[PDB]
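Presented below is the structure to which this report refers.
Chains as they are written, first to last, in the entry's author numbering: chain B, 1 to 810; chain A, 1 to 810.
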């Protein structure tokens, strides 16, 4: 059962019922101002920081859900309702919500009056614009009153909602004209404020929450809207709010328009005051005047439209499948771009209190958006290497705001250094420039102890080989890519972090997942050492890789699949001799990607075991069987109930590595079937079971061992979007960036007649048509570029800004 | 305008309208289980920790206010309502709330059905009992359905409400019989769980919040109560809840009884499971069986009643004023006892996230409850000196749970060491037990470096002389008792605390408030130096006091009042040369209390200036004029808007010191007028202005410079109760504990004919009758004990467990 449809022409998802299984949210903002908005006009806004610069108050896990947001009330002869059906919740004649790229439209009609509101954050603007349209579709003279309402936050999310002993007496507002200014602690060290305005004369206002709403009233029926008049109150502490009231007369067939802005202003400390106690409002006036006409809002709406069109034009697919076309062309790349602007800060599952994102997440996500923003990808890479320590280690948590690591969390996540080389190779493969390896990069953000970026990759390479385990496998630190597999923590008391608490020496437990990472990533390190003319180091580096490859074969294979790791007691983890967690999914993804058991049939055996044991109708579980008790030797993984999160949950992040692994063995039928199980467009018809947004990926889907099998959690902010795009765009469709040019190597289902992919690569557009006369999955027989046959499967690099017709026959 | 009345016979405040100006709350629990409850049955409960062991979820600053609590629903042929009028909010025929000592009663009637619920935490019990009474007062056969509802917390307040990415998949419940067990994270590391039970067979239940309430429904109209039956859901992640449903048939004139328990159970790690995945419930069964009959609940209610009666029987007053009698005998001593059990952890203004209370707060509050719990006051004193450092300093924040200081907060609050001697003298004067000074007390919680408790008092005494300013006044350090006067901070960054951020050397700024403290407290130190036979130490200590006293005269006097402090630039603070803050309230309170300027008329001049400048109809403001801008040199004091908190707000904590100072000069008319302005019983008639509980003190009342002058904030948890009790019981009524016995020295209004005070002191009861034939304020002409005249004004110590009639003539 579905609650809407995809509007591919408008690149929107249209929601037709307000009572959605969960609030489905969108994201507005590109550079500094960001805001969350749901289909009922919930959410909040902030400036660059959901923790230290939150503008609008929002309550997570509220009863009712999603109470608090940009609420509009329409009062008509004792009857009031809201266009988004919330918070009034009075039945409407018609309703519609449209989530677009960087905007949201909500329309509502009741008793002959229709209201449509458009929300979007304009480019290079520190504010959210709300264009409202009111129309009289009846047959009589009508007089109505429109109420606007937002709730302010006291600029510090943690303080606004833990420290009432102080902040209940600090709330301050200013009311001037149609604008309500929030200036809490502006008489103090703060130099920033926020405002809410309308481009029309108001008949009333309110700045005190108690006056407009009432102490014992909710958002559904504010006492001022119920009575139809505003109280004209001024806030003195407690909870400041902003609210406008307008009297409107609507003749039949006549419509009226209004513009609302939630702006943010920063001031220099020497020009903070226009007068004693009066806030300097010189830039708030300019912000309001910039969008005081609808034609101004219309022009900015088209400017944002072209911005998102350009961000998706580097990879265009024309195939027979309508669900596949919309994922690759619109929604997969839209979530990848959003996740770079949003990191892991604010969502409907992330409260915005955290301090940063993981070090690997910035590197892993870089693969997804490297083709969209090549220039801003190189800046992120250098800022990540600056965080790196001198010995080859990196801080676990990266803080993009301060551009530095987190000393409190620390280090000793041995998988983290390898992600830097993999991300660096992806940047170089996409762009083709090698100047990155010669730039001077500080160590631990210390300019004095700086060296080349290639040296940073060298230490990351030798951090693995300088910390080998008893079997020669890389030593696991606090954990690996799987943050809940802590093999030297052994925590016995609550309120203690599994990740940062280490009780064992850590000189015994090793991981096989990093070993498969080391061979797969180190293969790209030997190519770099060849480019720098360092033949001896390249020869020695390959020797370490070959030793690891034989160590993987000797101490990494269980007989049918690959081992997961070794714990502190020298026991095999992820083996058939165990009682639970007999087979994992991380070692199969990367070891097959490293092409370790191709010739011996070992890779095929592992993938047949993945299908036999880990396959579900909604995805692939992390491991089987699920842990039914708590294992102190493994860490946080066994803490979850079975089927949830890491306890045999469906992590769509590592499902892509299985998708890529099926390409290596040459099974396009299996690879695309795995992709379809977790793609949002293919599960939109089961939206009542998925329960989350049917247009973006979610971090985790409940596995076969849960009672809610198929239900998603933690959507809109994950590395799933980046890896699943790489799996389909590069490993399945065969358009692989590579050194010296674009590589073609598809692995598609046999029944496919063909497809066409338009690719932007190093300044040129490759229009690649893949034909499948004989229905085969893998294997290229001929490639034609511009009507001339070529040798091999690497397209020449032109860099001339034109289109080249590439004809591929399997 | 009033919202209720005082029931002095039952020691209750009766609330007659559910819509009070604010939710008026009570406290339950004495030892480990503590609960917050308002007049609408809101609030939450926890075990020893509102931060790490919270049991019930509660949302601060909610819309509507106080949503979430022990909610009961009565369903009657499609109509439902709640006894506390919340959250349903349907008009009732009758309503009543009664806040008692350790219990709360709520009654409600609608459509002929009356519901009464009694809430209290029994003694030595880890649970809250809710005895519900249902009665049919109509004239017909009726069939109704009763719904109960609580919402569970995930045991970690900060994690339950910031970390949804993990805890949304960890919620676990267990439904067995009529009990719903909450067992989130019980499988991994927690050995504790909570249960909600009823003592009757149920017809339905619910454990998932969405099933019972609905995603888009609030507490007012849950979808299960609206439909009239339970969904029998089992929670799996998301938000666990507990709910029972009972079908009840009530003939006319018939009533039914029900008992509900919210228990907390801890288990040993060995005995944690009855079976694989099944929680060991043997302790929960015993807890439920202990209160499974109404007579059992009745007996426990009387046991708690006698507990609070004995706690208030040490000081009994019989006077002509009914408002004065209820404050001294019931409500002042009740808040003092609660504030020791509650510290500063949980209130409707304290979110329960902090880690402890101030070091001085534990010492300052000790004066209030030393007569009530002499044995548990000595234990607290020794634990306070245990955290003291070796040089004579103490950590600013004390943590009663861990019985140690806070290293993160730090030290260098130079007023803190003096509070230890003042509290020690108060304990010694009350009890007469001098053995405290000989016990071995570790330094910095290190048993190796331990010495006598008297040595601890020596270092705290000598921490003042070893740190003197240019004028010989004590160095202020980071701050003094006034936590917002930071003369070394100079902060310009919004996100750093004024208290712990120090940018100056701190070798110049001095404080006159500590100087008045040093002379007043040091007077008690010379007496202690005489008890141990250290005559030379007493001589040297008195010399330092005399030198400090002459420094106060030479540098601490402004001409009409006393200076407040000196900042880092060597400028007078709290002087008529200043543009704002010309006079403070803390230098006048303690310097006059130190008998400084008595013979010269200097003390009288300061008190006349306090009345002239700082007096308001609702109390005395901190300083005048208020700071209308930000002063970097002073710290957090100027950050507040004028009239709020430290910016010329009415702090009733330091109003008591002015009350005590008026006794020294001999003006009982002024002292009692000051007391009446802030006493809860005398301001109950303006409850619409006070806006807070009219039966307990509040930390701060808005001053004359505010727009809400007279409105209180941060009630129920402050040191105001302790000091205001000392001011009236000891300095006004004249019953002062002394080293050699009980001292009589009243300073009462002249128009008073007399009064009687019954006092328990060192094992004997003194029934003191004070009569005023010649209407004078101060001065004792005769004292008769047991019919025989005595010399002086110190009553002999009998310690025989008898009653002695003390006749006092002024």
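Using N, Cα and C, we set each Cβ at its ideal position, and we do this for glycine too.
message: Comparing C-alpha positions only, which one of A/650, A/666, A/582, A/581 sits nearest to residue 599 of chain A?
response: Indexing the second chain from 1 puts residue 599 of chain A at position 599. Checked all of A/650, A/666, A/582, A/581; the closest Cα to residue 599 of chain A is A/666.
query: Can you find a CB in chain B that lies within less than 8 Å of the CB of residue 3 of chain A?
result: What you label residue 3 of chain A is simply residue 3 of the second chain in a count that begins at 1. Chain B contact via Cβ: absent.
field: Below-8 Å beta-carbon distance, residue 358 of chain B vs any chain D residue
entry: Absent from the structure is chain D; the protein chains it does hold are B and A.
task: Would you mind working out which of A/762, A/784, A/185 sits nearest residue 801 of chain A, comparing C-alpha positions?
output: Against the second chain, residue 801 of chain A aligns to sequence position 801. Of A/762, A/784, A/185, the smallest CA-CA separation from residue 801 of chain A is found for A/762.
- prompt: Under 8 Å, do residue 549 of chain B and residue 596 of chain B count as touching if we go by C-beta distance?
  reply: Translated into the one-based positions of the first chain, residue 549 of chain B becomes position 549. Translated into the one-based positions of the first chain, residue 596 of chain B becomes position 596. Yes, Cβ-Cβ distance for residue 549 of chain B and residue 596 of chain B is below 8 Å.
- prompt: What does residue 499 of chain B reach in chain A if we use C-beta pairs closer than 9 Å?
  reply: The residue you call residue 499 of chain B lines up with position 499 of the first chain. Residues of chain A passing the Cβ test: none, with the nearest at roughly 12 Å.
- request: Give a yes or no on contact between the segment 220-232 of chain B and the segment 181-192 of chain B, applying the rule of three or more CB pairs nearer than 8 Å.
  value: no
- prompt: So is residue 640 of chain A in contact with chain B if we call contact Cβ pairs under 8 Å?
  reply: Along the second chain, one-based indexing puts residue 640 of chain A at 640. Closer than 8 Å: yes.
message: Counting C-beta neighbours from all protein chains within 10 Å, is the total for residue 310 of chain A 16 or more, i.e. buried, or is it exposed?
response: In the second chain, residue 310 of chain A corresponds to position 310, counting from 1. Residue 310 of chain A comes out exposed.
- request: Please work out which residues of its chain come closer than 6 Å, Cβ to Cβ, to residue 38 of chain B, disregarding the five sequence neighbours upstream and downstream, and give them in chain order.
  value: As a working mapping, residue 38 of chain B is identified with position 38 in the first chain. Cβ within range, chain order: 23, 25, 66.
message: If you follow the beta strand (DSSP E) that residue 317 of chain B is in, where does it begin and where does it stop?
response: Position 317 of the first chain, counted from the start, is the residue given in the question as residue 317 of chain B. Looking at the DSSP string, the run of the beta strand (DSSP E) that includes residue 317 of chain B is 315-318.
message: Taking the beta strand (DSSP E) that residue 700 of chain A belongs to, which residues open and close that run?
response: Taking the first residue of the second chain as 1, we reach residue 700 of chain A at position 700. That run of the beta strand (DSSP E) goes 698-701.
- request: Please list the residues of the segment 619-634 of chain A that have a C-beta atom closer than 8 Å to any C-beta atom in chain B, keeping them in chain order.
  value: Hits within the stretch, in order: 628, 629, 630.
task: Return yes when at least one heavy atom of the ligand ATP lies under 7 Å from the C-beta of residue 100 of chain B, else no.
output: As presented, the structure is devoid of all ligands, the ligand ATP included, so that no description of it is given.
Assumed close pair residue 719 of chain B, residue 361 of chain B - CB separation to whole angstroms, cut-off 8 Å: Stepping through the first chain from its first residue, residue 719 of chain B is reached at position 719. Stepping through the first chain from its first residue, residue 361 of chain B is reached at position 361. Between residue 361 of chain B and residue 719 of chain B the Cβ distance is about 6 Å, and since that is below 8 Å, they are a contact.
- request: Given a cut-off of 8 Å, decide if residue 108 of chain B and residue 84 of chain B are closer than it, judged by their beta-carbon atoms.
  value: Taking the first residue of the first chain as position 1, residue 84 of chain B is located at position 84. Taking the first residue of the first chain as position 1, residue 108 of chain B is located at position 108. It is a contact, given that the beta carbons lie within the stated cut-off.
- request: Assign residue 293 of chain B to one of two classes, buried (16 or more other C-beta atoms within 10 Å of its C-beta) or exposed (fewer than that).
  value: Walking along the first chain from the start, residue 293 of chain B turns up at place 293. By the 10 Å Cβ count, residue 293 of chain B comes out exposed.
- request: Using a Cβ-Cβ cut-off of 8 Å, state whether residue 237 of chain A counts as contacting chain B.
  value: Residue mapping note: residue 237 of chain A aligns to position 237 of the second chain, counting from 1. Interface residue, yes.
Cβ shell of residue 444 of chain A (< 8 Å), same chain only, five flanking positions each side left out: In the second chain, the residue the question calls residue 444 of chain A occupies position 444. So the list reads 387, 388, 389, 390, once near-sequence residues are dropped.
- request: Please work out which residues of its chain come closer than 8 Å, Cβ to Cβ, to residue 434 of chain B, disregarding the five sequence neighbours upstream and downstream, and give them in chain order.
  value: Reading the first chain from its first residue, position 434 is the one you call residue 434 of chain B. Closer than 8 Å at the Cβ level, and outside the excluded window around residue 434 of chain B, lie 428, 531.
message: Please report whether the beta-carbon of residue 226 of chain A lies at a distance below 8 Å from any beta-carbon of chain B.
response: Taking the second chain and counting its residues from 1, the one referred to as residue 226 of chain A is at position 226. Output row for residue 226 of chain A: interface = no.
- request: Check each candidate in A/148, A/339, A/475, A/12 and name the one with the smallest Cα separation from residue 259 of chain A.
  value: Here residue 259 of chain A refers to the residue found at position 259 when the second chain is read from its first residue. Looking at A/148, A/339, A/475, A/12, the one whose alpha-carbon comes closest to that of residue 259 of chain A is A/148.
message: One question on the structure: do residue 610 of chain B and residue 658 of chain B come within less than 8 Å of each other, judged by their Cβ atoms?
response: As a first step, residue 610 of chain B must be located in the first chain, where it is residue number 610. As a first step, residue 658 of chain B must be located in the first chain, where it is residue number 658. Result yes, Cβ atoms of residue 610 of chain B and residue 658 of chain B sit closer than 8 Å.
- request: Work out the CA separation of residue 563 of chain B and residue 474 of chain B for me, nearest whole Å.
  value: In the first chain, counting from the first residue as 1, residue 474 of chain B sits at position 474. In the first chain, counting from the first residue as 1, residue 563 of chain B sits at position 563. Answer to the nearest angstrom: the Cα atoms are 13 Å apart.
query: Between residue 589 of chain A and residue 509 of chain A, is the Cβ-Cβ spacing less than 8 Å?
result: Against the second chain, residue 589 of chain A aligns to sequence position 589. Against the second chain, residue 509 of chain A aligns to sequence position 509. No, the pair does not count as a contact, with Cβ atoms beyond the cut-off.
field: Reference residue 457 of chain B, options B/438, B/141, B/468, B/358, closest by Cα
entry: Along the first chain, one-based indexing puts residue 457 of chain B at 457. Checked all of B/438, B/141, B/468, B/358; the closest Cα to residue 457 of chain B is B/438.
task: May I ask you to list the residues that DSSP assigns as paired with residue 474 of chain B?
output: Residue mapping note: residue 474 of chain B aligns to position 474 of the first chain, counting from 1. Its beta-bridge partners are B/468.
query: Count the other CB atoms within 10 Å of the CB of residue 553 of chain A; is the residue buried (16 or more) or exposed (fewer)?
result: Stepping through the second chain from its first residue, residue 553 of chain A is reached at position 553. Classification for residue 553 of chain A: exposed.
Contact list for residue 19 of chain A against chain B, beta-carbon separation under 7 Å: Counted from its first residue, the second chain places residue 19 of chain A at position 19. Here the neighbours are 216.
message: Here's the rule I'm using: 16 or more other beta-carbon atoms within 10 Å means buried, otherwise exposed. How should residue 482 of chain A be labelled?
response: Counted from its first residue, the second chain places residue 482 of chain A at position 482. So residue 482 of chain A counts as buried.
- request: With DSSP as the reference, label residue 660 of chain A as helix, strand or coil.
  value: If you number the second chain from 1, residue 660 of chain A lands on position 660. Annotated three-state conformation of residue 660 of chain A is helix, per DSSP.
- prompt: Just by C-beta distance, which residues in the segment 184-199 of chain A are closer than 8 Å to chain B?
  reply: Flagged, chain order: 185, 187, 188, 189, 190.
message: For residue 266 of chain B and residue 175 of chain B, what's the separation of their Cα atoms in angstroms?
response: Taking the first residue of the first chain as position 1, residue 266 of chain B is located at position 266. Taking the first residue of the first chain as position 1, residue 175 of chain B is located at position 175. Each residue's Cα considered, the two are about 19 Å apart.
query: Taking 8 Å as the CB-CB limit, is residue 161 of chain B close to chain A?
result: Translated into positions along the first chain, residue 161 of chain B becomes position 161. Yes, residue 161 of chain B lies at the interface with chain A (some Cβ there is under 8 Å from its Cβ).
message: At a CB distance below 7 Å, what residues from the segment 688-715 of chain B approach chain A? Give them in sequence order.
response: The residues in question are 707, 708, 713, 714.
message: Strictly under 8 Å for the Cβ-Cβ distance: is residue 645 of chain B near chain A by that measure?
response: Reading the first chain from its first residue, position 645 is the one you call residue 645 of chain B. For residue 645 of chain B, the answer is yes, since a Cβ of chain A falls inside 8 Å of its Cβ.
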